[PDB]
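*Asks:* Input file: input-v1.txt. Contents: compact mmCIF, N, CA and C atoms and all ligand atoms.
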# COMPACT_ATOMS: atom_id res chain seq x y z
N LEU K 7 0.89 -1.19 0.00
CA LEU K 7 0.00 0.00 0.00
C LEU K 7 0.91 1.23 0.00
N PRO K 8 0.45 2.36 -0.56
CA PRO K 8 1.25 3.64 -0.63
C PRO K 8 1.67 4.27 0.75
N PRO K 9 2.64 5.25 0.74
CA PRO K 9 3.14 5.80 2.03
C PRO K 9 2.04 6.15 3.08
N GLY K 10 2.19 5.54 4.28
CA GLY K 10 1.35 5.86 5.46
C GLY K 10 0.14 4.96 5.72
N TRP K 11 -0.15 4.07 4.78
CA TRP K 11 -1.47 3.37 4.70
C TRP K 11 -1.34 2.04 5.38
N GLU K 12 -2.30 1.71 6.23
CA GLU K 12 -2.32 0.42 6.87
C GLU K 12 -3.79 -0.13 6.86
N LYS K 13 -3.90 -1.45 6.80
CA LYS K 13 -5.16 -2.16 6.84
C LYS K 13 -5.58 -2.32 8.29
N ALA K 14 -6.85 -2.08 8.60
CA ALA K 14 -7.35 -2.13 9.95
C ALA K 14 -8.69 -2.89 9.93
N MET K 15 -9.24 -3.11 11.11
CA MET K 15 -10.53 -3.75 11.24
C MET K 15 -11.55 -2.79 11.79
N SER K 16 -12.68 -2.70 11.10
CA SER K 16 -13.79 -1.91 11.58
C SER K 16 -14.38 -2.45 12.93
N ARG K 17 -14.53 -1.54 13.89
CA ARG K 17 -14.99 -1.85 15.23
C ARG K 17 -16.54 -1.98 15.24
N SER K 18 -17.24 -1.39 14.26
CA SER K 18 -18.70 -1.67 14.10
C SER K 18 -19.10 -2.85 13.21
N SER K 19 -18.36 -3.08 12.11
CA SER K 19 -18.82 -3.95 11.02
C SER K 19 -18.08 -5.20 11.04
N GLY K 20 -16.81 -5.16 11.50
CA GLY K 20 -15.90 -6.29 11.30
C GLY K 20 -15.38 -6.27 9.84
N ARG K 21 -15.78 -5.27 9.07
CA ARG K 21 -15.17 -5.06 7.76
C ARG K 21 -13.76 -4.40 7.85
N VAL K 22 -12.85 -4.88 7.03
CA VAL K 22 -11.54 -4.29 6.81
C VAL K 22 -11.72 -2.85 6.26
N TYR K 23 -10.85 -1.92 6.67
CA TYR K 23 -10.77 -0.63 6.00
C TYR K 23 -9.31 -0.25 6.00
N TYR K 24 -9.03 0.97 5.55
CA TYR K 24 -7.64 1.39 5.38
C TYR K 24 -7.52 2.76 6.06
N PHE K 25 -6.40 2.95 6.76
CA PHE K 25 -6.17 4.12 7.62
C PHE K 25 -4.79 4.63 7.24
N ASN K 26 -4.64 5.93 7.19
CA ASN K 26 -3.32 6.49 6.82
C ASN K 26 -2.82 7.30 7.99
N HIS K 27 -1.72 6.88 8.61
CA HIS K 27 -1.27 7.50 9.81
C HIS K 27 -0.52 8.81 9.58
N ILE K 28 -0.26 9.17 8.35
CA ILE K 28 0.41 10.44 8.05
C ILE K 28 -0.72 11.48 7.71
N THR K 29 -1.81 11.10 7.06
CA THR K 29 -2.84 12.07 6.70
C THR K 29 -4.09 11.93 7.54
N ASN K 30 -4.15 10.88 8.41
CA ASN K 30 -5.35 10.57 9.21
C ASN K 30 -6.57 10.29 8.36
N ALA K 31 -6.37 10.03 7.09
CA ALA K 31 -7.53 9.58 6.30
C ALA K 31 -7.91 8.13 6.57
N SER K 32 -9.19 7.84 6.36
CA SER K 32 -9.71 6.47 6.41
C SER K 32 -10.78 6.26 5.40
N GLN K 33 -10.73 5.09 4.77
CA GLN K 33 -11.66 4.74 3.76
C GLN K 33 -11.83 3.19 3.69
N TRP K 34 -12.99 2.75 3.20
CA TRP K 34 -13.25 1.33 2.93
C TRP K 34 -12.41 0.74 1.83
N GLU K 35 -12.32 1.46 0.72
CA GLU K 35 -11.66 1.01 -0.50
C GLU K 35 -10.13 0.87 -0.27
N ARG K 36 -9.50 -0.15 -0.85
CA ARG K 36 -8.05 -0.24 -0.77
C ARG K 36 -7.43 0.94 -1.55
N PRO K 37 -6.43 1.63 -0.96
CA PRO K 37 -5.86 2.82 -1.63
C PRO K 37 -5.10 2.59 -2.99
N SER K 38 -5.33 3.52 -3.95
CA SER K 38 -4.39 3.91 -5.09
C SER K 38 -5.09 4.39 -6.36
N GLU K 51 7.78 10.72 -5.64
CA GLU K 51 7.26 11.82 -4.83
C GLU K 51 7.44 13.21 -5.53
N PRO K 52 6.28 13.91 -5.88
CA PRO K 52 6.41 15.18 -6.68
C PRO K 52 7.28 16.20 -5.88
N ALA K 53 8.02 17.09 -6.56
CA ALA K 53 8.77 18.21 -5.91
C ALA K 53 7.82 19.17 -5.23
N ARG K 54 6.64 19.28 -5.84
CA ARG K 54 5.63 20.27 -5.44
C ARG K 54 4.22 19.68 -5.40
N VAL K 55 3.39 20.18 -4.47
CA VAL K 55 1.95 19.88 -4.43
C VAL K 55 1.20 21.21 -4.22
N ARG K 56 -0.07 21.21 -4.59
CA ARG K 56 -0.94 22.32 -4.31
C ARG K 56 -2.06 21.76 -3.43
N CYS K 57 -2.37 22.44 -2.34
CA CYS K 57 -3.39 22.04 -1.37
C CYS K 57 -4.21 23.21 -0.97
N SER K 58 -5.48 22.94 -0.65
CA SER K 58 -6.32 23.82 0.11
C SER K 58 -6.46 23.26 1.51
N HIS K 59 -6.84 24.09 2.46
CA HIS K 59 -7.19 23.50 3.75
C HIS K 59 -8.33 24.28 4.40
N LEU K 60 -8.85 23.69 5.46
CA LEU K 60 -9.83 24.35 6.32
C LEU K 60 -9.19 24.24 7.70
N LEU K 61 -8.97 25.38 8.38
CA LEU K 61 -8.34 25.44 9.68
C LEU K 61 -9.35 25.73 10.75
N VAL K 62 -9.36 24.91 11.82
CA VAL K 62 -10.14 25.25 13.00
C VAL K 62 -9.12 25.42 14.15
N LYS K 63 -9.05 26.67 14.61
CA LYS K 63 -8.19 27.07 15.70
C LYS K 63 -8.83 26.76 17.05
N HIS K 64 -8.01 26.67 18.08
CA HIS K 64 -8.61 26.45 19.41
C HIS K 64 -7.80 27.32 20.40
N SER K 65 -8.20 27.26 21.68
CA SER K 65 -7.54 28.04 22.75
C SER K 65 -6.02 27.80 22.95
N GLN K 66 -5.51 26.63 22.56
CA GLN K 66 -4.07 26.40 22.56
C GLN K 66 -3.36 26.62 21.20
N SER K 67 -4.05 27.19 20.18
CA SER K 67 -3.36 27.52 18.96
C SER K 67 -2.27 28.53 19.24
N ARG K 68 -1.22 28.50 18.43
CA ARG K 68 -0.18 29.52 18.57
C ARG K 68 -0.72 30.93 18.49
N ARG K 69 -1.71 31.20 17.64
CA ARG K 69 -2.37 32.49 17.64
C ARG K 69 -3.88 32.30 17.74
N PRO K 70 -4.45 32.33 18.99
CA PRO K 70 -5.87 32.10 19.16
C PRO K 70 -6.75 33.28 18.73
N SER K 71 -6.62 33.64 17.45
CA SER K 71 -7.25 34.80 16.88
C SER K 71 -7.42 34.46 15.43
N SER K 72 -8.55 34.89 14.82
CA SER K 72 -8.59 34.87 13.32
C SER K 72 -9.51 35.94 12.73
N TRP K 73 -9.54 36.07 11.40
CA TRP K 73 -10.59 36.88 10.76
C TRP K 73 -12.00 36.58 11.31
N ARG K 74 -12.28 35.37 11.83
CA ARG K 74 -13.69 35.00 12.21
C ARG K 74 -14.02 35.44 13.62
N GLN K 75 -12.99 35.58 14.44
CA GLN K 75 -13.22 35.68 15.86
C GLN K 75 -11.95 36.22 16.44
N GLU K 76 -12.09 37.42 17.01
CA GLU K 76 -10.99 38.12 17.71
C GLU K 76 -10.26 37.28 18.82
N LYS K 77 -11.03 36.61 19.66
CA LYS K 77 -10.42 35.77 20.67
C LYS K 77 -11.03 34.38 20.44
N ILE K 78 -10.18 33.43 20.07
CA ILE K 78 -10.67 32.02 19.95
C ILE K 78 -10.64 31.27 21.29
N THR K 79 -11.76 30.69 21.69
CA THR K 79 -11.92 30.17 23.04
C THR K 79 -12.30 28.69 23.07
N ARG K 80 -12.81 28.19 21.92
CA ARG K 80 -13.13 26.76 21.84
C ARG K 80 -11.90 25.97 22.31
N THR K 81 -12.14 24.82 22.93
CA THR K 81 -11.09 23.93 23.32
C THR K 81 -10.55 23.11 22.13
N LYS K 82 -9.33 22.62 22.25
CA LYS K 82 -8.88 21.62 21.29
C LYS K 82 -9.95 20.53 20.93
N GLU K 83 -10.64 19.97 21.92
CA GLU K 83 -11.56 18.86 21.68
C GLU K 83 -12.81 19.35 20.92
N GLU K 84 -13.17 20.61 21.16
CA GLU K 84 -14.39 21.19 20.57
C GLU K 84 -14.05 21.52 19.09
N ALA K 85 -12.82 21.93 18.87
CA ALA K 85 -12.28 22.09 17.51
C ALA K 85 -12.28 20.77 16.72
N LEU K 86 -11.88 19.69 17.38
CA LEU K 86 -11.79 18.40 16.68
C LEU K 86 -13.21 17.96 16.34
N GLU K 87 -14.14 18.23 17.22
CA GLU K 87 -15.52 17.92 16.93
C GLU K 87 -16.07 18.70 15.70
N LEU K 88 -15.76 20.00 15.59
CA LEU K 88 -16.13 20.80 14.42
C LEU K 88 -15.54 20.22 13.13
N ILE K 89 -14.23 19.94 13.17
CA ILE K 89 -13.48 19.33 12.05
C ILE K 89 -14.17 18.01 11.59
N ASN K 90 -14.45 17.12 12.55
CA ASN K 90 -15.13 15.85 12.25
C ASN K 90 -16.52 16.05 11.60
N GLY K 91 -17.32 17.02 12.09
CA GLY K 91 -18.63 17.40 11.50
C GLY K 91 -18.39 17.86 10.04
N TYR K 92 -17.36 18.69 9.78
CA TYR K 92 -17.14 19.21 8.44
C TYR K 92 -16.68 18.09 7.52
N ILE K 93 -15.90 17.15 8.04
CA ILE K 93 -15.46 16.02 7.21
C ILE K 93 -16.69 15.14 6.87
N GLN K 94 -17.58 14.91 7.83
CA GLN K 94 -18.78 14.10 7.54
C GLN K 94 -19.62 14.75 6.44
N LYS K 95 -19.79 16.06 6.49
CA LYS K 95 -20.59 16.74 5.49
C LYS K 95 -19.93 16.75 4.13
N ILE K 96 -18.60 16.89 4.10
CA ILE K 96 -17.88 16.85 2.86
C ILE K 96 -18.02 15.43 2.27
N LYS K 97 -17.80 14.42 3.09
CA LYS K 97 -17.81 13.02 2.57
C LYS K 97 -19.22 12.56 2.17
N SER K 98 -20.23 13.04 2.87
CA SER K 98 -21.62 12.77 2.46
C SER K 98 -22.07 13.57 1.21
N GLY K 99 -21.28 14.58 0.79
CA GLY K 99 -21.66 15.46 -0.33
C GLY K 99 -22.74 16.47 0.07
N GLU K 100 -23.11 16.50 1.33
CA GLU K 100 -23.99 17.50 1.81
C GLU K 100 -23.43 18.93 1.67
N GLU K 101 -22.11 19.11 1.86
CA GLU K 101 -21.48 20.40 1.66
C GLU K 101 -20.21 20.14 0.91
N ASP K 102 -19.74 21.08 0.13
CA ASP K 102 -18.42 20.83 -0.39
C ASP K 102 -17.33 21.52 0.37
N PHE K 103 -16.15 20.99 0.21
CA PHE K 103 -15.00 21.45 0.93
C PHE K 103 -14.85 23.00 0.80
N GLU K 104 -14.99 23.53 -0.43
CA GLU K 104 -14.64 24.96 -0.71
C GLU K 104 -15.57 25.84 0.03
N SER K 105 -16.80 25.40 0.05
CA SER K 105 -17.80 26.17 0.71
C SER K 105 -17.64 26.18 2.27
N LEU K 106 -17.36 25.03 2.90
CA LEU K 106 -17.01 25.01 4.35
C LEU K 106 -15.72 25.77 4.57
N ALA K 107 -14.71 25.67 3.67
CA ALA K 107 -13.46 26.46 3.92
C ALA K 107 -13.75 27.98 3.92
N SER K 108 -14.46 28.45 2.88
CA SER K 108 -14.87 29.85 2.81
C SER K 108 -15.58 30.37 4.05
N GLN K 109 -16.55 29.60 4.54
CA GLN K 109 -17.35 30.06 5.68
C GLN K 109 -16.65 29.89 6.99
N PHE K 110 -15.90 28.81 7.17
CA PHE K 110 -15.55 28.35 8.52
C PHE K 110 -14.06 28.25 8.82
N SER K 111 -13.19 28.33 7.80
CA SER K 111 -11.77 28.26 8.08
C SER K 111 -11.21 29.52 8.84
N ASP K 112 -10.34 29.30 9.84
CA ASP K 112 -9.75 30.33 10.67
C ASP K 112 -8.46 30.82 10.02
N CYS K 113 -8.20 30.42 8.77
CA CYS K 113 -7.04 30.95 8.09
C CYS K 113 -7.53 32.01 7.04
N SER K 114 -6.70 32.99 6.72
CA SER K 114 -7.13 34.01 5.75
C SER K 114 -7.23 33.43 4.35
N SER K 115 -6.62 32.25 4.11
CA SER K 115 -6.86 31.57 2.84
C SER K 115 -8.32 31.16 2.67
N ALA K 116 -9.17 31.30 3.69
CA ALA K 116 -10.62 31.03 3.57
C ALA K 116 -11.16 31.83 2.36
N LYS K 117 -10.61 33.04 2.17
CA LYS K 117 -11.11 33.98 1.10
C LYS K 117 -10.79 33.45 -0.31
N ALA K 118 -9.86 32.50 -0.37
CA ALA K 118 -9.61 31.76 -1.64
C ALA K 118 -10.09 30.28 -1.61
N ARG K 119 -11.19 30.03 -0.86
CA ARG K 119 -11.80 28.68 -0.74
C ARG K 119 -10.75 27.75 -0.13
N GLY K 120 -9.83 28.31 0.67
CA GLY K 120 -8.81 27.52 1.41
C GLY K 120 -7.58 27.24 0.63
N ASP K 121 -7.51 27.73 -0.61
CA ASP K 121 -6.38 27.40 -1.51
C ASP K 121 -5.08 28.09 -1.05
N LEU K 122 -4.03 27.32 -0.88
CA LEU K 122 -2.73 27.81 -0.46
C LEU K 122 -1.75 27.95 -1.60
N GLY K 123 -2.09 27.51 -2.81
CA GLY K 123 -1.11 27.40 -3.90
C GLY K 123 -0.13 26.26 -3.76
N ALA K 124 0.85 26.25 -4.65
CA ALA K 124 1.78 25.13 -4.76
C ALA K 124 2.90 25.38 -3.75
N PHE K 125 3.44 24.34 -3.14
CA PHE K 125 4.56 24.53 -2.18
C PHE K 125 5.46 23.32 -2.28
N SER K 126 6.70 23.44 -1.87
CA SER K 126 7.55 22.24 -1.90
C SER K 126 7.83 21.93 -0.40
N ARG K 127 8.52 20.82 -0.13
CA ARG K 127 8.95 20.49 1.25
C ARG K 127 9.95 21.50 1.70
N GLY K 128 9.96 21.73 3.01
CA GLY K 128 10.73 22.75 3.64
C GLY K 128 9.96 24.05 3.82
N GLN K 129 8.65 24.13 3.54
CA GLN K 129 7.95 25.44 3.73
C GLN K 129 6.89 25.49 4.79
N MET K 130 6.11 24.41 4.94
CA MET K 130 4.96 24.40 5.87
C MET K 130 5.34 23.73 7.20
N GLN K 131 4.52 23.91 8.24
CA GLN K 131 4.66 23.09 9.43
C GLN K 131 4.77 21.62 9.05
N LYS K 132 5.70 20.94 9.71
CA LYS K 132 6.02 19.59 9.22
C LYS K 132 4.80 18.59 9.14
N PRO K 133 3.93 18.57 10.18
CA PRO K 133 2.81 17.65 10.07
C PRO K 133 1.89 18.04 8.88
N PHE K 134 1.70 19.34 8.64
CA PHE K 134 0.94 19.84 7.50
C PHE K 134 1.61 19.35 6.20
N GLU K 135 2.93 19.52 6.08
CA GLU K 135 3.65 19.10 4.88
C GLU K 135 3.66 17.62 4.62
N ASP K 136 3.93 16.85 5.68
CA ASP K 136 3.91 15.42 5.49
C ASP K 136 2.53 14.97 5.09
N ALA K 137 1.48 15.44 5.75
CA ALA K 137 0.12 15.02 5.26
C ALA K 137 -0.08 15.41 3.76
N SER K 138 0.33 16.63 3.38
CA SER K 138 0.10 17.11 1.99
C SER K 138 0.80 16.26 0.96
N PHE K 139 2.08 15.90 1.22
CA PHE K 139 2.88 15.02 0.35
C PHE K 139 2.51 13.56 0.34
N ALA K 140 1.65 13.14 1.28
CA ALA K 140 1.19 11.75 1.30
C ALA K 140 -0.21 11.59 0.69
N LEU K 141 -0.89 12.70 0.48
CA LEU K 141 -2.18 12.64 -0.25
C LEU K 141 -1.81 12.54 -1.71
N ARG K 142 -2.64 11.84 -2.45
CA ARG K 142 -2.57 11.93 -3.91
C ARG K 142 -3.52 13.00 -4.42
N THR K 143 -3.37 13.36 -5.70
CA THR K 143 -4.16 14.48 -6.21
C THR K 143 -5.61 14.14 -5.99
N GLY K 144 -6.41 15.06 -5.47
CA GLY K 144 -7.82 14.74 -5.35
C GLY K 144 -8.19 14.30 -3.94
N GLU K 145 -7.20 13.81 -3.17
CA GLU K 145 -7.57 13.17 -1.90
C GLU K 145 -7.56 14.18 -0.78
N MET K 146 -8.31 13.87 0.27
CA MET K 146 -8.52 14.72 1.39
C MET K 146 -7.98 14.01 2.67
N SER K 147 -7.39 14.80 3.56
CA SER K 147 -6.84 14.26 4.82
C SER K 147 -7.95 14.03 5.84
N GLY K 148 -7.66 13.34 6.96
CA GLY K 148 -8.49 13.49 8.16
C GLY K 148 -7.99 14.73 8.95
N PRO K 149 -8.30 14.78 10.27
CA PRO K 149 -7.87 15.93 11.09
C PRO K 149 -6.34 15.85 11.21
N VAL K 150 -5.68 16.98 10.93
CA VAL K 150 -4.20 17.06 10.95
C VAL K 150 -3.91 18.16 11.97
N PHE K 151 -3.05 17.86 12.97
CA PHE K 151 -2.87 18.80 14.08
C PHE K 151 -1.55 19.50 13.87
N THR K 152 -1.53 20.84 14.03
CA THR K 152 -0.21 21.55 14.00
C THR K 152 -0.31 22.56 15.13
N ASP K 153 0.74 23.35 15.38
CA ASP K 153 0.59 24.56 16.29
C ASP K 153 -0.46 25.61 15.88
N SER K 154 -0.85 25.67 14.58
CA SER K 154 -1.90 26.63 14.20
C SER K 154 -3.26 26.19 14.69
N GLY K 155 -3.48 24.88 14.73
CA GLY K 155 -4.81 24.39 15.15
C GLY K 155 -5.05 23.06 14.43
N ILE K 156 -6.32 22.77 14.11
CA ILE K 156 -6.62 21.48 13.42
C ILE K 156 -6.99 21.73 11.95
N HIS K 157 -6.42 20.92 11.06
CA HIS K 157 -6.64 21.15 9.58
C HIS K 157 -7.38 19.98 8.88
N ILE K 158 -8.17 20.32 7.87
CA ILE K 158 -8.59 19.35 6.86
C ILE K 158 -7.84 19.77 5.60
N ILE K 159 -7.15 18.86 4.95
CA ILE K 159 -6.34 19.28 3.79
C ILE K 159 -6.87 18.63 2.54
N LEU K 160 -6.94 19.40 1.42
CA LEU K 160 -7.37 18.77 0.15
C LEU K 160 -6.23 18.97 -0.80
N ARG K 161 -5.71 17.87 -1.32
CA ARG K 161 -4.58 18.03 -2.29
C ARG K 161 -5.26 18.21 -3.67
N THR K 162 -4.98 19.35 -4.30
CA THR K 162 -5.60 19.70 -5.58
C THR K 162 -4.67 19.45 -6.82
N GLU K 163 -3.35 19.39 -6.66
CA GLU K 163 -2.41 19.09 -7.76
C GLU K 163 -1.19 18.52 -7.17
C1 LIG K 201 -3.86 32.03 9.94
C2 LIG K 201 -2.98 30.73 9.81
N1 LIG K 201 -2.86 29.96 8.71
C3 LIG K 201 -1.98 28.95 9.00
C4 LIG K 201 -1.54 27.91 8.16
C5 LIG K 201 -1.00 26.73 8.69
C6 LIG K 201 -0.53 25.70 7.83
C7 LIG K 201 -0.64 25.85 6.44
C8 LIG K 201 -1.17 27.03 5.88
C9 LIG K 201 -1.61 28.05 6.76
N2 LIG K 201 -1.54 29.13 10.27
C10 LIG K 201 -2.14 30.18 10.79
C11 LIG K 201 -1.93 30.73 12.26
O1 LIG K 201 -2.53 31.76 12.57
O2 LIG K 201 -1.25 30.14 13.12
What does this structure look like when you write it as structure tokens?
Ligand SMILES: Cc1[nH]c(-c2ccccc2)nc1C(=O)O
*Replies:*
Amino acid sequence: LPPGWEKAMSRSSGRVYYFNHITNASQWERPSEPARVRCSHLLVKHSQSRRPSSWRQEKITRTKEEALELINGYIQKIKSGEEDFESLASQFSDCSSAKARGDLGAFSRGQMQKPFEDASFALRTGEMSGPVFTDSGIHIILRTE
């Protein structure tokens, strides 16, 4: 299986699924290095973020756990097709890239927070991460190129 991916057992179904420990993605289907990738993200900040402030809210007070709960709700809606990623990034991301539907442009290794970068380089084009934790807060990442 590709970088980060491991086979696991579903705790509800007893069905096998696949989990990626670098991107925190999980899916039923079995899965399948560029100098550069392009990603969008949706950032949810919490009270322990390096800067507990954003365009959305002068003082961020939600807890880390309450942030993870928001992130998980947004991932469920994205995966159900109830909302799309760009639209949740625009409305709800605590990063100023929200104004570009979360798009960060192309970057190479050596530029982003390491957990952010490793998750980005382990997604294939089109794929979305699970919750990715950095000092900025909690991220959903979409690799677009
Ligand atoms: C406002 C913001 N954006 C990001 C970020 C983090 C990883 C990748 C791209 C942007 N960090 C922050 C921060 O305020 O800490």
*Asks:* Produce as a compact mmCIF listing (two decimals) with N, CA and C atoms, in the coordinates of the input the set of residues near ligand LIG 201 (chain K), where near means within 5 Å with all atoms listed in the file considered.
*Replies:*
# COMPACT_ATOMS: atom_id res chain seq x y z
N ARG K 69 -1.71 31.20 17.64
CA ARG K 69 -2.37 32.49 17.64
C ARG K 69 -3.88 32.30 17.74
N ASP K 112 -10.34 29.30 9.84
CA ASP K 112 -9.75 30.33 10.67
C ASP K 112 -8.46 30.82 10.02
N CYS K 113 -8.20 30.42 8.77
CA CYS K 113 -7.04 30.95 8.09
C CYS K 113 -7.53 32.01 7.04
N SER K 114 -6.70 32.99 6.72
CA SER K 114 -7.13 34.01 5.75
C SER K 114 -7.23 33.43 4.35
N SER K 154 -0.85 25.67 14.58
CA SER K 154 -1.90 26.63 14.20
C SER K 154 -3.26 26.19 14.69
*Asks:* Hey, which of K:63, K:10, K:89, K:22 ends up closest to residue 148 (chain K)? Count all atoms listed in the file.
*Replies:*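 The shortest atom-to-atom distance to residue 148 (chain K) comes from K:89.
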*Asks:* Can you measure CA of residue 157 (chain K) to CA of residue 145 (chain K) for me? One decimal in Å is fine.
*Replies:*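 Distance reported for this atom pair: 14.0 Å.
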*Asks:* Going by DSSP on the backbone, which residues of region 9-153 of chain K come out as alpha helix (DSSP H)? List them as an mmCIF file with N, CA and C atoms, keeping the file's coordinate frame.
*Replies:*
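What ended up in out_13.cif:
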data_model
loop_
_atom_site.group_PDB
_atom_site.id
_atom_site.type_symbol
_atom_site.label_atom_id
_atom_site.label_comp_id
_atom_site.auth_asym_id
_atom_site.auth_seq_id
_atom_site.Cartn_x
_atom_site.Cartn_y
_atom_site.Cartn_z
ATOM 1 N N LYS K 82 -9.330 22.620 22.250
ATOM 2 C CA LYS K 82 -8.880 21.620 21.290
ATOM 3 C C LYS K 82 -9.950 20.530 20.930
ATOM 4 N N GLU K 83 -10.640 19.970 21.920
ATOM 5 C CA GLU K 83 -11.560 18.860 21.680
ATOM 6 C C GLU K 83 -12.810 19.350 20.920
ATOM 7 N N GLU K 84 -13.170 20.610 21.160
ATOM 8 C CA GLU K 84 -14.390 21.190 20.570
ATOM 9 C C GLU K 84 -14.050 21.520 19.090
ATOM 10 N N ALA K 85 -12.820 21.930 18.870
ATOM 11 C CA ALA K 85 -12.280 22.090 17.510
ATOM 12 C C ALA K 85 -12.280 20.770 16.720
ATOM 13 N N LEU K 86 -11.880 19.690 17.380
ATOM 14 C CA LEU K 86 -11.790 18.400 16.680
ATOM 15 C C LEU K 86 -13.210 17.960 16.340
ATOM 16 N N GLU K 87 -14.140 18.230 17.220
ATOM 17 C CA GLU K 87 -15.520 17.920 16.930
ATOM 18 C C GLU K 87 -16.070 18.700 15.700
ATOM 19 N N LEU K 88 -15.760 20.000 15.590
ATOM 20 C CA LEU K 88 -16.130 20.800 14.420
ATOM 21 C C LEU K 88 -15.540 20.220 13.130
ATOM 22 N N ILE K 89 -14.230 19.940 13.170
ATOM 23 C CA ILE K 89 -13.480 19.330 12.050
ATOM 24 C C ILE K 89 -14.170 18.010 11.590
ATOM 25 N N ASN K 90 -14.450 17.120 12.550
ATOM 26 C CA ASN K 90 -15.130 15.850 12.250
ATOM 27 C C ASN K 90 -16.520 16.050 11.600
ATOM 28 N N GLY K 91 -17.320 17.020 12.090
ATOM 29 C CA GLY K 91 -18.630 17.400 11.500
ATOM 30 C C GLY K 91 -18.390 17.860 10.040
ATOM 31 N N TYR K 92 -17.360 18.690 9.780
ATOM 32 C CA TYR K 92 -17.140 19.210 8.440
ATOM 33 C C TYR K 92 -16.680 18.090 7.520
ATOM 34 N N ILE K 93 -15.900 17.150 8.040
ATOM 35 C CA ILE K 93 -15.460 16.020 7.210
ATOM 36 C C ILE K 93 -16.690 15.140 6.870
ATOM 37 N N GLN K 94 -17.580 14.910 7.830
ATOM 38 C CA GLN K 94 -18.780 14.100 7.540
ATOM 39 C C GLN K 94 -19.620 14.750 6.440
ATOM 40 N N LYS K 95 -19.790 16.060 6.490
ATOM 41 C CA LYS K 95 -20.590 16.740 5.490
ATOM 42 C C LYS K 95 -19.930 16.750 4.130
ATOM 43 N N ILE K 96 -18.600 16.890 4.100
ATOM 44 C CA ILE K 96 -17.880 16.850 2.860
ATOM 45 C C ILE K 96 -18.020 15.430 2.270
ATOM 46 N N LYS K 97 -17.800 14.420 3.090
ATOM 47 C CA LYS K 97 -17.810 13.020 2.570
ATOM 48 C C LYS K 97 -19.220 12.560 2.170
ATOM 49 N N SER K 98 -20.230 13.040 2.870
ATOM 50 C CA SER K 98 -21.620 12.770 2.460
ATOM 51 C C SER K 98 -22.070 13.570 1.210
ATOM 52 N N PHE K 103 -16.150 20.990 0.210
ATOM 53 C CA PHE K 103 -15.000 21.450 0.930
ATOM 54 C C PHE K 103 -14.850 23.000 0.800
ATOM 55 N N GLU K 104 -14.990 23.530 -0.430
ATOM 56 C CA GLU K 104 -14.640 24.960 -0.710
ATOM 57 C C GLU K 104 -15.570 25.840 0.030
ATOM 58 N N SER K 105 -16.800 25.400 0.050
ATOM 59 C CA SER K 105 -17.800 26.170 0.710
ATOM 60 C C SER K 105 -17.640 26.180 2.270
ATOM 61 N N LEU K 106 -17.360 25.030 2.900
ATOM 62 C CA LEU K 106 -17.010 25.010 4.350
ATOM 63 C C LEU K 106 -15.720 25.770 4.570
ATOM 64 N N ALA K 107 -14.710 25.670 3.670
ATOM 65 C CA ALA K 107 -13.460 26.460 3.920
ATOM 66 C C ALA K 107 -13.750 27.980 3.920
ATOM 67 N N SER K 108 -14.460 28.450 2.880
ATOM 68 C CA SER K 108 -14.870 29.850 2.810
ATOM 69 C C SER K 108 -15.580 30.370 4.050
ATOM 70 N N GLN K 109 -16.550 29.600 4.540
ATOM 71 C CA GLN K 109 -17.350 30.060 5.680
ATOM 72 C C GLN K 109 -16.650 29.890 6.990
ATOM 73 N N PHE K 110 -15.900 28.810 7.170
ATOM 74 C CA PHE K 110 -15.550 28.350 8.520
ATOM 75 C C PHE K 110 -14.060 28.250 8.820
ATOM 76 N N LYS K 132 5.700 20.940 9.710
ATOM 77 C CA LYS K 132 6.020 19.590 9.220
ATOM 78 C C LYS K 132 4.800 18.590 9.140
ATOM 79 N N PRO K 133 3.930 18.570 10.180
ATOM 80 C CA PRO K 133 2.810 17.650 10.070
ATOM 81 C C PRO K 133 1.890 18.040 8.880
ATOM 82 N N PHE K 134 1.700 19.340 8.640
ATOM 83 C CA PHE K 134 0.940 19.840 7.500
ATOM 84 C C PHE K 134 1.610 19.350 6.200
ATOM 85 N N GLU K 135 2.930 19.520 6.080
ATOM 86 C CA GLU K 135 3.650 19.100 4.880
ATOM 87 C C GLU K 135 3.660 17.620 4.620
ATOM 88 N N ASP K 136 3.930 16.850 5.680
ATOM 89 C CA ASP K 136 3.910 15.420 5.490
ATOM 90 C C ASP K 136 2.530 14.970 5.090
ATOM 91 N N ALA K 137 1.480 15.440 5.750
ATOM 92 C CA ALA K 137 0.120 15.020 5.260
ATOM 93 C C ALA K 137 -0.080 15.410 3.760
ATOM 94 N N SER K 138 0.330 16.630 3.380
ATOM 95 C CA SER K 138 0.100 17.110 1.990
ATOM 96 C C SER K 138 0.800 16.260 0.960
ATOM 97 N N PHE K 139 2.080 15.900 1.220
ATOM 98 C CA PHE K 139 2.880 15.020 0.350
ATOM 99 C C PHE K 139 2.510 13.560 0.340
ATOM 100 N N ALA K 140 1.650 13.140 1.280
ATOM 101 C CA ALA K 140 1.190 11.750 1.300
ATOM 102 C C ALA K 140 -0.210 11.590 0.690
#
*Asks:* May I ask which of the residues K:9, K:74, K:32, K:68 is the closest one to residue 109 (chain K), counting only C-alpha atoms?
*Replies:*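 Answer, going by the shortest atom-to-atom distance: K:74.
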*Asks:* Can you work out which one of K:106, K:52, K:85, K:95 has the shortest atom-to-atom distance to residue 65 (chain K), counting all atoms listed in the file?
*Replies:*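 Nearest to residue 65 (chain K): K:85.
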*Asks:* Calculate, to one decimal in Å, the centre and edge lengths of the box along x, y and z of the file that holds all listed atoms of region 34-63 of chain K with 5 Å of margin on each side, and present them as JSON.
*Replies:*
{"center_x": -2.2, "center_y": 13.4, "center_z": 5.2, "size_x": 32.0, "size_y": 37.3, "size_z": 33.7}
*Asks:* Among chain K, which residues carry a DSSP assignment of strand (DSSP E or B), reported as JSON, numbers by chain?
*Replies:* {"K": [11, 12, 13, 14, 15, 22, 23, 24, 25, 26, 32, 33, 54, 55, 56, 57, 58, 59, 60, 61, 62, 72, 75, 121, 122, 123, 124, 125, 126, 146, 150, 151, 152, 155, 156, 157, 158, 159, 160, 161]}
